[PDB]
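Enquirer: Under full-length UniProt numbering, the first residue of the sequence shown carries the number 4, and numbering increases by one thereafter. Quick one: structure below, then a few questions.
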Amino acid sequence: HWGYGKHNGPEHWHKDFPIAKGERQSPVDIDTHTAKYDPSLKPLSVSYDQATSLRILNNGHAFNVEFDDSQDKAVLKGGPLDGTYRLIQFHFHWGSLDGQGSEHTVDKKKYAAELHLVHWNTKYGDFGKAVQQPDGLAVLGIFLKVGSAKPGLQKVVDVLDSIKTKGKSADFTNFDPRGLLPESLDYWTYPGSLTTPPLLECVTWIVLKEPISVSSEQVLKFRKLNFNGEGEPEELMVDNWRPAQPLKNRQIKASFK
Ligand SMILES: O=C(O)Cc1cccc([N+](=O)[O-])c1
Ligand code: NI
Ligand code: NI
Numbered sequence: 004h005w006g007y008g009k010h011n012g013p014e015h016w017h018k019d020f021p022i023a024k025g026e027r028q029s030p031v032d033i034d035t036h037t038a039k040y041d042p043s044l045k046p047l048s049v050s051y052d053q054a055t056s057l058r059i060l061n062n063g064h065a066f067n068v069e070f071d072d073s074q075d076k077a078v079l080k081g082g083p084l085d086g087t088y089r090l091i092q093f094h095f096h097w098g099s100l101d102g103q104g105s106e107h108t109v110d111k112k113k114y115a116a117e118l119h120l121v122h123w124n125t126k127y128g129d130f131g132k133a134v135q136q137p138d139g140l141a142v143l144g145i146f147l148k149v150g151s152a153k154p155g156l157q158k159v160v161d162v163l164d165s166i167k168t169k170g171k172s173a174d175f176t177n178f179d180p181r182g183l184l185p186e187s188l189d190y191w192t193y194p195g196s197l198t199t200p201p202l203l204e205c206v207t208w209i210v211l212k213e214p215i216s217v218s219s220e221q222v223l224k225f226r227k228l229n230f231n232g233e234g235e236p237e238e239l240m241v242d243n244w245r246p247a248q249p250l251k252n253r254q255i256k257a258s259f260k
């Protein structure tokens, strides 16, 4: 019964999941000066025109916007990836304050939040099987800074009062995740892991260099969510980020010079 506190937070997870101290854990600090430009990288293809959003769920640690992943409707290809990766969900990690919240850091800089678009490799047939493989997932990570509002985020922000507490869901159809992407698809990539239990080492991370801007008011609404279930004492859903982990024997590659 894990979480983000003093008593059950990241620094405890290893007792249940020894993989927490593994060789390819995420997130990491991205040292921009030491990431090497890789000309082998094929260009990134994000194909979200046919996406079908279904539902938004407060899972007790974040909220997930879930997609129909029963066909190739929203897919990621190219970049560092071999093959086709299907969008299953996106979620965010965020802070109690604007000065923290991202999982990845960039030269030790923390952003206010980070958006994760989670995709699984179709060669494995479903998500559950994909997470058992070293190349099972591709997560597109996008930093959020506080400034101007992000218009394409507002639909997400407005429904959050309907999923305040753990286990609540709401219909969330017709949402276009294209409206959450920055202009540039320049990226860093490295092999890593999920950042909550069970911490599986199944992720090719693709972290975009260009952040999106969201308003103060938008992020404030994320911080009104609750970790707890309805009828339990209120614990605001904030600081649901794992800190940077050791890079170990990995290289971070850049798609750009
Ligand atoms: O890495 C995370 O944010 C945690 C996590 C936990 C469980 C599933 C996830 N997913 O990527 O579908 C992600
Ligand atoms: Ni538990
Ligand atoms: Ni995540």
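The C-beta atom is built at its ideal place from N, Cα and C for all residues, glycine as well.
Can you give the beta carbon distance from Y114 to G104, rounded, assuming they're within the 8 Å contact cut?
Expert: Between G104 and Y114 the Cβ distance is about 6 Å, and since that is below 8 Å, they are a contact.
Enquirer: Whose C-beta lies closer than 8 Å to the C-beta of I166 among residues of the same chain, with five residues either side of it excluded?
Expert: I59, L60, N61, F66, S172, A173, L228
Enquirer: Does ligand 3 have even one heavy atom less than 7 Å from the beta-carbon of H94?
Expert: yes
Enquirer: Is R27 buried or exposed, if buried means 16 or more other CB atoms sit within 10 Å of its CB?
Expert: buried
Enquirer: Can you tell me whether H122 is buried or exposed, with buried defined as 16 or more other CB within 10 angstroms of its CB?
Expert: buried
Enquirer: Compare the C-beta of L156 against all C-beta atoms of chain B and say whether one is closer than 8 Å.
Expert: Looking at the structure shown, chain B is missing, and only one protein chain is on hand.
Enquirer: Select from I209, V241, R245 the residue whose C-alpha is nearest the C-alpha of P46.
Expert: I209
Enquirer: Residues with a Cβ closer than 5 Å to any heavy atom of ligand 1, in chain order?
Expert: Qualifying residues, in the order they occur: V121, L197, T198, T199.
Enquirer: May I have the straight-line CA-CA distance separating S151 from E186, to the nearest angstrom?
Expert: A straight-line Cα-Cα distance of about 15 Å links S151 and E186.
Enquirer: Where does the unbroken beta strand (DSSP E) through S73 begin, and where does it stop?
Expert: No beta strand (DSSP E) holds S73; DSSP gives it neither H nor E.
Enquirer: For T192 and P83, which I take to be in contact (beta-carbon distance under 8 Å), what is that distance rounded to the nearest angstrom?
Expert: 5 Å
Enquirer: Have a look at the DSSP bridge pairing and note the partners of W123.
Expert: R89, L140
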